[PDB]
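Residue numbers (the deposited numbering), protein chains in the order written: chain A, 378 to 588; chain B, 2 to 82, 82A to 82C, 83 to 100, 100A to 100D, 101 to 115.
Where is the CB? At the ideal position from N, CA and C, for every residue including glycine.
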């Protein structure tokens, strides 16, 4: 079986980022095993859009994209595709047009190479004010992109109510760019979230399963 | 709640100066504190600001010359000003934002200290 295997290693080593700084791994030509990756964690929920868990690990794609980040299970309610929670409003949104999955899993004691952050952080509001008109335009994050407020919010929220702001250049209107941090206490076992987005090619699907 | 300023005085052009604003305020619910200045007959304009989250932001006329800092341990904010020029002559105020969001609309102001800058002779 020739082909380079998909390298899921970067998520096993280090601290998984916060949800608004989700780490993105793209796979274009791979042999992959999702069961192999998931046997390492204690999966809590595994919900998909326009695909099912059995089919997502069983098919060939033209590209496979894996987002992972620290995410507590206490906020499972706000992490869905059709969601209206603050997460899928200003923190992390995945594509409409593509088949999609959303995984919550806890990292067990068998894994001591994934380090913990001090706390769970997410952006509860990010909005933009114009100079001449102070009408607030909430920067609803676009699919597969980062919040514009990643430029001003740090890697981890320090206190639950922290407030971040940046003044904009007169090119873009000269307004103010503003964000609010919000925090969740870290748990004894780190909890994470994974996003999967896949593209089927019209001609070639080279990211193929283990067999 | 009260804001008090120190450090104001006359300084010749190109020199340095530091103002300080201790907030003996009833509340710690200030989420940003800002420095403003009012030059003889110009609008009151924003010079520098620091926030709850520590994001620093400055007025459009200081070219890295001014630097704002806060130590929450002493309830005080410093504004160190370098390479001053006569155009920086104004009455400087420090202000606090309670539940501030977006453009600075301060809810408490200080009595303002005055800085003057003289060039040549």
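With contacts defined as CB atoms closer than 8 Å, residue 563(A) and residue 482(A) fail to qualify as a contacting pair. If you look at residue 33(B), you'll find it in the beta strand (DSSP E) that goes 31-39. The DSSP-derived three-state label of residue 398(A) is helix. Annotation for residue 433(A): no beta strand (DSSP E) segment contains it, though the alpha helix (DSSP H) segment containing it runs 430-433. For residue 66(B), the closest of 54(B), 43(B) and 83(B) by C-alpha to C-alpha distance is 83(B). Interface residue (Cβ-Cβ distance to chain B less than 8 Å): residue 506(A) is classified as such. Here residue 413(A) carries a helix assignment [DSSP, helix/strand/coil]. For the set 380(A), 447(A), 414(A) and 540(A), the Cα lying nearest the Cα of residue 504(A) is the one of 540(A).
Secondary structure of residue 494(A) (DSSP, three-state): coil. Collapsing the DSSP output to three states places residue 467(A) in a helix. For the set 4(B), 24(B) and 13(B), the Cα lying nearest the Cα of residue 115(B) is the one of 13(B). C-alpha of residue 500(A) to C-alpha of residue 452(A): approximately 13 Å in a straight line. Along the segment 47-60 of chain B, going in chain order, the ones with a CB nearer than 7 Å to a CB of chain A are 52, 53, 54, 56 and 58.
In this structure, the beta-carbon distance from residue 449(A) to residue 561(A) falls below 8 Å.
The residues 440 and 442, in chain order, have a CB closer than 7 Å to that of residue 403(A) in the same chain once the five nearest residues on each side in sequence are set aside. Under the DSSP assignment, residue 586(A) falls outside any alpha helix (DSSP H), being part of the beta strand (DSSP E) whose first and last residues are 584-586. Boundaries of the alpha helix (DSSP H) around residue 387(A): 386-389. Close partners of residue 544(A) in chain B (Cβ separation under 7 Å): 58. Around the beta carbon of residue 588(A), a 10 Å sphere encloses fewer than 16 other beta carbons of the protein chains shown; the residue is thus reported as exposed.
Secondary structure of residue 515(A) (DSSP, three-state): strand. Taking a C-beta cut-off of 8 Å against chain A, the contacting residues of the segment 23-40 of chain B are 32 and 33, listed in chain order. The beta carbon of residue 87(B) is closer than 6 Å to those of 110 and 111 in its chain, skipping five residues each way along the sequence. Residue 46(B) is bridged by DSSP to 38(B). CA-CA distance, residue 489(A) to residue 415(A), rounds to 16 Å. Taking C-alpha positions only, residue 63(B) is separated from residue 48(B) by approximately 8 Å. Spatial neighbours of residue 30(B) in its own chain (CB-CB distance under 6 Å, excluding positions within 5 residues in sequence) are listed in chain order as 96.
Put simply, the backbone Cα of residue 462(A) is about 11 Å away from that of residue 502(A). Within the segment 510-531 of chain A, the residues whose Cβ lies closer than 9 Å to any Cβ of chain B are, in chain order, 511, 513, 529, 530 and 531.
If the five residues before and after residue 543(A) are omitted, its C-beta is found closer than 8 Å to the C-beta atoms of 528, 529, 553, 554 and 555, all from its own chain and listed in chain order. Residue state for residue 82(B) is assigned as strand, using DSSP reduced to three classes.
For residue 100D(B), not one C-beta of chain A is nearer than 8 Å to its own C-beta.
Inter-residue distance for residue 456(A) and residue 470(A) is about 9 Å (C-alpha atoms, whole angstroms).
When the beta-carbon positions are compared, residue 468(A) and residue 524(A) come within less than 8 Å of each other. Following the DSSP letters along the chain, one finds residue 90(B) inside the beta strand (DSSP E) bounded by residues 88-96. In the same chain as residue 39(B), and ignoring 5 residues on each side of it, the C-beta atoms closer than 6 Å to its own belong to 45, 88 and 89, in chain order. By the neighbour-count criterion, in which a residue is buried when 16 or more other Cβ atoms sit within 10 angstroms of its Cβ, residue 28(B) is exposed.
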